[PDB]
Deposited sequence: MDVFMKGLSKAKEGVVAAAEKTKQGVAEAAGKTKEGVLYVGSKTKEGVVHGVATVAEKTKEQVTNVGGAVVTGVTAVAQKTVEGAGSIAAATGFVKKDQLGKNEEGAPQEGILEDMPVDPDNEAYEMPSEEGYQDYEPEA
């Protein structure tokens, strides 16, 4: 019995980034495995991956994540 819910109702800065680089190698989320049952992901926020990875104001509301497994009985 898996339920997940979010309401956002409404009744009504500066950033300078400069990267001068050479040779980046960037990974985001990785799950790596061998011989597995499940590999879930739920991204109810964000996954931001960049050499210059700016995430402004990123979740401004109402994330809802359920996740389950199990119940072998």
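Report task. Return the ranges of the deposited sequence not covered by C-alpha coordinates, sorted by sequence position. Result -> Those parts of the chain that were deposited but carry no coordinates are 1-13, 26-35, 97-140.
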